[PDB]
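Colleague: Chains as they are written, first to last, in the working numbering: chain V, 587 to 782; chain H, 3 to 200; chain A, 128 to 328; chain L, 6 to 199; chain S, 10 to 210.
Ideal placement from N, C-alpha and C gives every residue a C-beta, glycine not left out.
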Amino acid sequence: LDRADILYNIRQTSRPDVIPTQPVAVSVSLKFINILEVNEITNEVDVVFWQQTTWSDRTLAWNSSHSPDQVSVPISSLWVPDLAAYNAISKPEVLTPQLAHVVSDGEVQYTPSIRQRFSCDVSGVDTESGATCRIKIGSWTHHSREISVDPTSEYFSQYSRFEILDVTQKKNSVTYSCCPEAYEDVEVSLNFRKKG
Amino acid sequence: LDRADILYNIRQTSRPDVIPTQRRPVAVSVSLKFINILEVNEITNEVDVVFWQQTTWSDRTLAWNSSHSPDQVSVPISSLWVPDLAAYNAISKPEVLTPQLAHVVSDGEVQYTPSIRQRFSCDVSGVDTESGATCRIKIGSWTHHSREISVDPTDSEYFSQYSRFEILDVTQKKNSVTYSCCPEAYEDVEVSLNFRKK
Amino acid sequence: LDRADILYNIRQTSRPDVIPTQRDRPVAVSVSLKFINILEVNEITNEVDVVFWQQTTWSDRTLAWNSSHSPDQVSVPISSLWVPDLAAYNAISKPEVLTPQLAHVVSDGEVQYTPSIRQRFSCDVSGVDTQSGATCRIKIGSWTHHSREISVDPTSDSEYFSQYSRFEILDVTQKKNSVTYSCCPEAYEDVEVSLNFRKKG
Amino acid sequence: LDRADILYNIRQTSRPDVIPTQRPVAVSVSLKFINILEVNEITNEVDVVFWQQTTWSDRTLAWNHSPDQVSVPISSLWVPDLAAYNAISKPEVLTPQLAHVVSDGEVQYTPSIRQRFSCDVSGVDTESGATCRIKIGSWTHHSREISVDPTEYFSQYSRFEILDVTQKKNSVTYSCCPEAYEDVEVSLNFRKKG
Amino acid sequence: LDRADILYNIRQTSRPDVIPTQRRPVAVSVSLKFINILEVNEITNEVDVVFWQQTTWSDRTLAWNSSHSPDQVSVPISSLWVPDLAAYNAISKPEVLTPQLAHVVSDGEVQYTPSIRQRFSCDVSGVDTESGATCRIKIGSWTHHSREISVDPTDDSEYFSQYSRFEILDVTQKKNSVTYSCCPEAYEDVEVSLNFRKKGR
Ligand SMILES: Brc1ccc(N2CCCNCC2)cn1
Ligand SMILES: Brc1ccc(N2CCCNCC2)cn1
Ligand SMILES: Brc1ccc(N2CCCNCC2)cn1
Ligand SMILES: Brc1ccc(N2CCCNCC2)cn1
Ligand SMILES: Brc1ccc(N2CCCNCC2)cn1
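(1) Would you say residue 104/L touches ligand 3, meaning its beta carbon is less than 6 Å from a heavy atom?
(2) Quick test of the definition: if touching needs 3 or more C-beta pairs under 8 Å, does the stretch 660–668 of chain V touch the stretch 710–722 of chain V?
(3) So is the beta-carbon of residue 158/L under 6 Å away from any non-hydrogen atom of ligand 3?
(4) Kindly give me the distance between the Cβ atoms of residue 181/A and residue 271/A, rounded to whole angstroms, as I take these residues to be in contact under 8 Å.
(5) By the 10 Å Cβ neighbour count, where 16 or more other Cβ atoms means buried, how is residue 177/L classified, buried or exposed?
(6) Hey, does residue 683/V have any beta-carbon neighbour from chain S nearer than 7 Å?
(7) Is residue 60/L a contact residue of ligand 3, with contact defined as CB to any heavy atom under 6 Å?
(8) For residue 66/S, decide whether its Cβ has a neighbour in chain V, counting only Cβ atoms nearer than 7 Å.
(9) Just tell me which of 69/L, 52/L, 123/L has its CA closest to the CA of residue 97/L.
(10) Could you work out which residues of chain L lie near residue 59/S, taking near to mean beta carbons separated by less than 7 Å?
(11) Straight-line CA distance for residue 106/H to residue 18/H?
(12) By Cβ distance, which residues of its chain are closer than 8 Å to residue 772/V, with the 5 residues on each side in sequence left out?
(13) Note down the Cα distance separating residue 94/H from residue 122/H, rounded to an integer number of angstroms.
(14) Would you say residue 304/A reaches chain H, if we count a Cβ-Cβ gap shorter than 7 Å as a contact?
(15) Check whether the Cβ atoms of residue 126/H and residue 130/A sit closer than 7 Å, and answer yes or no.
(16) With respect to the alpha helix (DSSP H) encompassing residue 14/L, which residues constitute its N-terminal and C-terminal limits?
(17) Considering only residues of the same chain and omitting the five flanking positions on each side of residue 135/H, which have a CB-CB separation below 7 Å?
(18) Cβ closer than 7 Å: which chain A residues qualify as neighbours of residue 54/L?
(19) With a threshold of 16 other CB atoms inside 10 Å of the CB of residue 195/S, please say whether the residue is buried or exposed.
(20) Could you give the distance in angstroms between the alpha-carbon of residue 645/V and the alpha-carbon of residue 730/V?
(21) Relative to chain L, which residues along the stretch 130–150 of chain A have a C-beta separation below 8 Å, given in chain order?
(22) Mind reading off the beta-carbon distance from residue 250/A to residue 217/A? Whole number of angstroms is fine, and I expect it under 8 Å.
(23) May I have the straight-line CA-CA distance separating residue 744/V from residue 714/V, to the nearest angstrom?
(24) Out of 174/A, 169/A, 128/A, point me to the one whose CA is closest to residue 196/A's CA.
(25) Is residue 83/L near ligand 7 - that is, is its Cβ less than 6 Å away from at least one heavy atom of it?
(26) For the stretch 117–147 of chain S, enumerate the residues whose C-beta is nearer than 8 Å to any C-beta of chain L, in chain order.
(27) Going by CA-CA distance only, name the one from 70/H, 69/H, 194/H, 65/H that's closest to residue 169/H.
(28) Kindly confirm or deny that the stretch 20–34 of chain S and the stretch 153–161 of chain S touch, where touching means at least three C-beta pairs closer than 8 Å.
(29) The beta strand (DSSP E) with residue 168/S in it runs from where to where?
(30) Regarding residue 152/S and ligand 5, is the C-beta to nearest heavy atom distance less than 6 Å?
(31) Between 44/S, 208/S, 15/S, which lies nearest to residue 106/S when the distance is taken from Cα to Cα?
(32) Ordered along the chain, which non-local residues of its own chain (more than five positions away) have a Cβ less than 6 Å from that of residue 282/A?
(33) Would you say the beta carbon of residue 183/H comes nearer than 6 Å to a heavy atom of ligand 2?
(34) Taking any Cβ of chain H, which residues in the stretch 605–623 of chain V have a Cβ under 9 Å from it, in chain order?
(35) Consider the C-beta atom of residue 97/S and the heavy atoms of ligand 2; say whether any pair is separated by less than 6 Å.
(36) Starting from the N-terminal side, write out each stretch of the beta strand (DSSP E) that is 3 residues or longer and does not extend beyond the stretch 82–156 of chain L.
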């Protein structure tokens with residue numbers, strides 16, 4: 587098997603519409619890159635971050651004995667978790683090529699760099715303790731038995747008007763009026779402040 | 003039947019162009035779940051709203067025997083027929099913020115609940131008083147009349163606490179209107195959003 | 128015939144690229160703007176932001192069907208139909224289509240398409256704040272089809288105009304023209320819709 | 006042959022990826038200015054609306070009791086890869102993207118375009134006006150594959166008015182490539198009305 | 010072989026999804042040709058740049074016998090494999106201003122040079138001084154590591170707009186190889202340092 591073959595098989599046989607269930611365990615980890623437009627009045631922030639998403643799809647696995655361990659695949663050719671930011675107020679602008687990593691064991695990783703507007707608590711952004719903006723990310727349509735989400739300044743721009751004090755992640759499981767099942771989400775708390 | 007099979011059948015056989023009318027109008031439930039109010043302009047009479055447009059209807063052609071099968075799957079709306087709902091007083095096109103997937107239940111019940119950000123032209127007068135403004139949003143089928151599509155109704159439950167606004171009350175009303183172009187009557191739902199500045 | 132069959136036939140056999148001209152005559156296209164809202168007037172720059180239904184009506188017999196025991200009408204995605212290449216000559220933004228892009232096809236082959244459009248125009252905004260109002264003239268015609276392939280004609284009424292606009296409509300008049308352009312020897316038809324409107328209090 | 010047949014043949018057999026070179030393709034470019042929307046004399050940026058009348062020949066589209074002309078989606082035709090070198094926004098096409106194909110194989114495409122340019126806006130408020138120079142040519146085809154050549158509707162409601170339009174053809178060599186690429190420079194001489 | 014045949018083969022047989030690796034990483038040349046600097050903000054540390062992103066690599070599977078054939082064709086990038094380059098410090102998605110066509114030479118040499126407008130996060134301090142600001146732009150493969158894709162640099166103002174509010178003092182390029190937390194391999198990038206300043210009074 588070479589890359590050409592592996593990609594050919596994936597394209598022919600992966601079922602992008604089909605959740606690779608046996609719940610699918612989805613890792614979500616936000617890597618903040620920039621904070622661009624804070625508004626303390628309206629409580630809205632403009633954030634640039636890598637949405638590192640990781641899950642497993644065994645139907646993509648291959649014998650890597652004399653083959654590559656990894657390939658890059660267009661996400662249009664793969665099933666992808668339907669993650670959404672609940673408190674996003676703009677649709678996600680994907681800044682990067684929409685390719686994922688598929689490892690021979692069936693491990694998939696997709697890490698787009700996203701610019702997005704959020705509605706969150708921006709109060710205290712200009713103080714030393716800073717503001718704490720809470721970002722809620724989960725599967726839009728898959729409940730806890732189908733998709734489970736779990737957590738996992740390094741790449742933060744030194745040229746931002748803001749710095750990052752702390753990032754904490756917290757997993758929740760919420761029931762909504764529409765549906766009887768529980769949906770999981772990850773709440774990433776971004777504690778940041780305006781530099782001097 | 004597993005998911006793979008069900009989704010395969012749906013994709014192969016659903017007819018997204020074809021309204022799944024049975025014997026009668028497809029009965030479409032519409033329920034707006036307000037999430038945020040973002041800009042208000044009392045001069046221009048325009049508001050910017052974020053809301054879940056929970057839409058529910060029935061398509062028997064999608065039904066399957068759920069004996070030893072899943073009760074529910076998630077399907078791309080591009081592979082399903084979807085009611086052609088529009089907000090009559092919208093002045094921007096709907097920005098869909100969420101993955102465009104619907105629920106199909108084994109009985110053929112379909113639910114689609116996108117989160118939408120949209121601008122409306124409505125009555126914003128009194129937004130800064132304590133009785134608040136009452137913005138009326140009109141949603142109905144754009145091209146299907148009452149005998150093809152009928153719409154029916156189903157507050158601060160998911161509304162953001164970080165909005166500069168708060169919701170006093172949400173009331174829903176069903177109407178049936180005849181337009182100059184066409185002899186038949188088209189149904190709509192008018193959702194009245196009563197809100198005020200904090 | 129049921130809906131499924133009719134839609135199937137249309138999808139298989141309609142030729143969206145092919146103007147349904149008959150007997151070497153022109154396709155008669157009705158254009159009627161139903162104004163919904165006026166959003167952003169600028170008397171300095173002479174630009175207005177308008178929301179309107181562009182009710183477009185024409186005939187493709189090749190879509191026609193025996194409606195004896197069949198529906199009289201279906202809704203069809205415009206991507207599956209030939210559509211007149213109408214353009215607003217004095218538009219300065221591309222048309223933002225607000226509504227689902229579906230047309231009516233009636234069993235006789237009559238097609239109607241009525242998108243709600245938001246668009247900016249360059250027009251005469253002078254007098255918008257007076258009692259006689261401004262008169263903005265909107266020019267709509269086929270971009271590439273001349274008078275012998277496409278003819279445009281007017282069809283009526285503040286009927287659907289928003290009561291919550293800062294503006295109110297005094298009068299709407301329509302007037303058909305036939306113009307020759309430098310590029311081409313043939314004449315192209317257009318409709319000029321005159322929107323007479325003014326600011327409210 | 007009727008329209009249906011001609012369009013069917015074009016669709017089946019035209020090769021949109023294939024430049025209709027005959028043993029360069031001669032492309033006519035003629036900007037018909039419709040409107041000038043915004044001008045910043047500080048930033049040297051203008052917002053213009055114009056018809057980009059483009060004309061060329063593709064014999065592989067020619068045909069013999071038939072129509073002399075059809076309207077064809079440009080996605081079904083080969084189209085010159087023209088670009089405005091000093092544009093700073095991508096072109097917003099305002100009009101239906103259809104071209105004229107004439108039975109002899111002459112193709113004309115005239116989209117109405119709104120676009121922002123970086124050019125000399127100095128003097129826009131004087132009597133002699135500013136002169137904004139717009140540079141249009143093939144992005145990827147050199148002079149042997151594509152040659153560009155030069156060849157009223159301006160709105161009376163613009164704040165601006167057009168004094169003169171002059172066109173001039175150039176042939177430039179770029180660092181990347183050994184061949185020369187042709188362009189047309191359209192000089193738009195305009196001023197603010199008083 | 011004529012153009013039609015060569016383009017037909019390419020469309021039929023090129024594998025856009027498949028990196029054209031040849032026993033060794035694909036060698037990708039990156040060279041930014043700055044055209045304009047549009048909107049500097051010294052407070053927010055953001056710049057709006059227009060530049061040609063001249064990208065060059067080799068794909069032997071596209072090669073052909075050019076004996077009685079063209080030496081070069083223009084091919085839609087959707088029919089070719091293209092390096093997944095990204096600007097790490099870009100804060101808007103790249104606006105491609107030009108037709109998305111690449112050159113394929115008969116030897117399999119591919120060149121793609123879109124004109125891009127993009128907003129970057131970088132050091133804008135000193136933009137109004139005589140020594141100027143130095144904005145550092147980091148471009149590399151998003152998903153291919155050093156053994157799959159290697160990036161290499163290839164004057165300054167050759168095509169820079171004389172009508173910009175800015176002038177270019179110097180452009181330097183620097184190749185790096187970085188390991189990220191996610192992955193065990195090293196990813197290459199090029200850092201283009203754009204030294205520019207506000208033009209005087
Ligand atoms: Br269909 C369908 C059903 C439920 C939901 N949501 C409710 C449950 C958790 N995610 C938020 C939206 C969305 N689409
Ligand atoms: Br085609 C076609 C026919 C009628 C309508 N409208 C009239 C019927 C009710 N909703 C408003 C849209 C739109 N397109
Ligand atoms: Br192709 C082609 C030929 C002519 C025109 N125009 C001229 C005739 C009427 N509308 C204005 C544009 C547009 N495209
Ligand atoms: Br591939 C490729 C090669 C060269 C060019 N440029 C240089 C020659 C003509 N105009 C500027 C574009 C564009 N793409
Ligand atoms: Br999938 C996948 C793997 C690696 C990366 N990044 C890390 C390595 C270099 N480019 C920056 C993003 C992103 N997505």
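Modeller: According to the structure data:
(1) For this step, residue 104/L is matched to residue 99 along the fourth sequence. Answer for residue 104/L: yes, Cβ within range of ligand 3.
(2) Between the stretch 660–668 of chain V and the stretch 710–722 of chain V, the count of C-beta pairs closer than 8 Å stays below three; the two stretches do not touch.
(3) Translated into the one-based positions of the fourth sequence, residue 158/L becomes position 153. Residue 158/L Cβ: outside cutoff for every heavy atom of ligand 3.
(4) Mapped onto the third sequence, residue 181/A falls at position 54. Mapped onto the third sequence, residue 271/A falls at position 144. About 18 Å separates the Cβ atoms of residue 181/A and residue 271/A, ruling out a contact at the 8 Å cut-off.
(5) Residue mapping note: residue 177/L aligns to position 172 of the fourth sequence, counting from 1. Residue environment: residue 177/L is assigned as exposed (fewer than 16 neighbouring CB atoms within 10 Å of its CB, all protein chains considered).
(6) In the first sequence, counting from the first residue as 1, residue 683/V sits at position 97. Chain S contact via Cβ: present.
(7) Here residue 60/L corresponds to residue number 55 of the fourth sequence, with the count starting at 1. Distances from the CB of residue 60/L to the heavy atoms of ligand 3 are all 6 Å or more.
(8) On the fifth sequence, position 57 is the one that residue 66/S refers to. The beta carbon of residue 66/S does not come within 7 Å of any beta carbon belonging to chain V, so the residue lies off that interface.
(9) For the purposes of this step, residue 97/L is taken as the residue at position 92 of the fourth sequence. Considering only alpha carbons, the answer is 52/L.
(10) Walking along the fifth sequence from the start, residue 59/S turns up at place 50. Contact of residue 59/S with chain L by beta-carbon distance below 7 Å involves 93.
(11) Along the second sequence, read from residue 1 onward, the residue named residue 106/H stands at position 104. Along the second sequence, read from residue 1 onward, the residue named residue 18/H stands at position 16. Near 14 Å, if we compare the C-alpha coordinates of residue 18/H and residue 106/H.
(12) For the purposes of this step, residue 772/V is taken as residue 186 along the first sequence, with counting starting at 1. Excluding residues within five positions, the ones whose Cβ falls inside 8 Å are 614, 722, 723, 724, 735, 736, 737, 755, 756, 757, 758.
(13) Taking the second sequence and counting its residues from 1, one reaches residue 94/H at position 92. Taking the second sequence and counting its residues from 1, one reaches residue 122/H at position 120. For the pair residue 94/H and residue 122/H, the Cα-to-Cα distance works out to about 7 Å.
(14) Within the third sequence, the letter at position 177 stands for residue 304/A. Residue-level contact by beta carbon fails for residue 304/A and chain H, as no gap is shorter than 7 Å.
(15) The residue labelled residue 126/H in the question sits at position 124 within the second sequence. The residue labelled residue 130/A in the question sits at position 3 within the third sequence. Annotated as distal: residue 126/H and residue 130/A, with beta-carbon spacing of 7 Å or more.
(16) Translated into the one-based positions of the fourth sequence, residue 14/L becomes position 9. Run containing residue 14/L: 8–18, per the alpha helix (DSSP H) assignment.
(17) Indexing the second sequence from 1 puts residue 135/H at position 133. Answer for residue 135/H: 125, 126, 127, 128, 129, 197, 198, listed in chain order.
(18) For this step, residue 54/L is matched to residue 49 along the fourth sequence. Identification of chain A residues near residue 54/L by a Cβ-Cβ cut-off of 7 Å yields 219, ordered along the chain.
(19) The sequence position of residue 195/S within the fifth sequence is 186, counting from 1. Exposed, since its Cβ has fewer than 16 Cβ neighbours within 10 Å.
(20) In the first sequence, the residue the question calls residue 645/V occupies position 59. In the first sequence, the residue the question calls residue 730/V occupies position 144. Looking at the two C-alpha atoms, the distance is approximately 21 Å.
(21) Listed by position, the residues of the stretch 130–150 of chain A near chain L (Cβ gap below 8 Å) are 142, 144, 145, 146, 148.
(22) As a working note, residue 250/A is residue 123 in the third sequence. As a working note, residue 217/A is residue 90 in the third sequence. In this structure residue 250/A is in contact with residue 217/A, their Cβ atoms being roughly 6 Å apart against a cut-off of 8 Å.
(23) Indexing the first sequence from 1 puts residue 744/V at position 158. Indexing the first sequence from 1 puts residue 714/V at position 128. Here the alpha carbons of residue 714/V and residue 744/V stand approximately 18 Å from one another.
(24) Residue mapping note: residue 196/A aligns to position 69 of the third sequence, counting from 1. Ranking 174/A, 169/A, 128/A by CA distance to the CA of residue 196/A puts 128/A first.
(25) As far as ligands go, the structure on display features ligand 1, ligand 2, ligand 3, ligand 4 and ligand 5 and does not contain ligand 7.
(26) Here the close residues are 120, 122, 124, 126.
(27) As a working note, residue 169/H is residue 167 in the second sequence. For residue 169/H, the nearest C-alpha among the options comes from 194/H.
(28) As far as the Cβ criterion goes, the stretch 20–34 of chain S touches the stretch 153–161 of chain S, which means the pair count is three or higher.
(29) As a first step, residue 168/S must be located in the fifth sequence, where it is residue number 159. Note, residue 168/S: premise wrong, no beta strand (DSSP E); not H, not E.
(30) Within the fifth sequence, numbered from 1, the residue matching residue 152/S stands at position 143. In this structure, ligand 5 has a non-hydrogen atom nearer than 6 Å to the beta-carbon of residue 152/S.
(31) For the purposes of this step, residue 106/S is taken as the residue at position 97 of the fifth sequence. Ranked by how close their Cα comes to the Cα of residue 106/S, the residues 44/S, 208/S, 15/S have 44/S in first place.
(32) As a working note, residue 282/A is residue 155 in the third sequence. Closer than 6 Å at the Cβ level, and outside the excluded window around residue 282/A, lie 157, 159.
(33) Taking the second sequence and counting its residues from 1, one reaches residue 183/H at position 181. Yes, Cβ of residue 183/H sits closer than 6 Å to a heavy atom of ligand 2.
(34) So the close ones are 605, 607.
(35) Along the fifth sequence, read from residue 1 onward, the residue named residue 97/S stands at position 88. The answer is no for residue 97/S.
(36) Entirely contained in the stretch 82–156 of chain L, the beta strand (DSSP E) runs reaching 3 residues are, in chain order, 87–89, 103–107, 111–114, 117–123, 135–143, 151–154.
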